[PDB]
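Below, in structure tokens: the form deposited in one PDB entry, a single chain.
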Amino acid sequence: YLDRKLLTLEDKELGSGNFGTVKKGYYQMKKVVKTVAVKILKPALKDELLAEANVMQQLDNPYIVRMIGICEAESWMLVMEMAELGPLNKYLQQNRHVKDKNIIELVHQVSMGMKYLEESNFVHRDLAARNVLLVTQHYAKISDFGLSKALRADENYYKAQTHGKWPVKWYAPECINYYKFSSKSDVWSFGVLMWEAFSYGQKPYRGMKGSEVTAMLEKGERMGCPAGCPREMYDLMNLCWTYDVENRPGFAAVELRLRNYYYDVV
């Protein structure tokens, strides 16, 4: 595991995730230094960070943030690779010149990242543009597995005991209504992430309470098509927002439509 001495931290906080506060740092490997991002813990919580690390340790995919390791000194610390460009929603906010086909590339990468996660039977549970990190303008990685769960070999959903404070605007009806989280409910979140991407990092359901969003969806109402969003991408959003879980597509089908659409547009 990781040694505090070989870890240097800058003291400005880059932002906050589910169980901590992310800071830039430098970690000396054998010969070189790796620039890193370090989630630092604010009773239970230690277990939560450790659990997140336990999830990350089992994941190896090009489109998922790699964990370097864990560090236990002064605070409990989860050491990750640094995605220099930061979160997708902030980047697109500040980079309105980013081309529609650039955004397709990036959301397609998230869908590859998520297809892997679906094949691996892990549920993300907090998929949102804020937790997509940009290594480069054409390379996105999924992060923050603080809410993630390893599914049982006999089940395709995790059932939460209660509702703790949740990112309700990214949650499918069955998560809100029944606390049932599956890869299919990550697909719902992905659609909201797509809406975020093609709206250049604008928040979904602006000015509405979680309760008003739920009520809007149960009417069969959905968010509109963002300015300049290609119609095939907006169609996929609505598919992701299928109310019935069973009819909603899985990430294999979502990634396939993203892949064909992206490859079609050269």
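Only residues modelled in both forms are compared. What we label the rigid core is the largest C-alpha set whose atoms superpose within 1.5 Å from one form to the other. So that there is no doubt, residue numbering starts at 1 and follows the sequence shown.
The next section is about a form of this same protein that is not shown, the form deposited in another entry.
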Look at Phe251 and decide if its Cα position differs by 2 Å or more between the shown form and the other one after superposing on the rigid core.
no
Using the rigid core as the reference frame, would you say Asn18 shifts its C-alpha by 2 Å or more between the shown form and the other one?
yes
Would you please work out which stretches of at least three consecutive shared residues show Cα displacements of 2 Å or more throughout between the shown form and the other one, after fitting on the rigid core?
11-13, 15-20
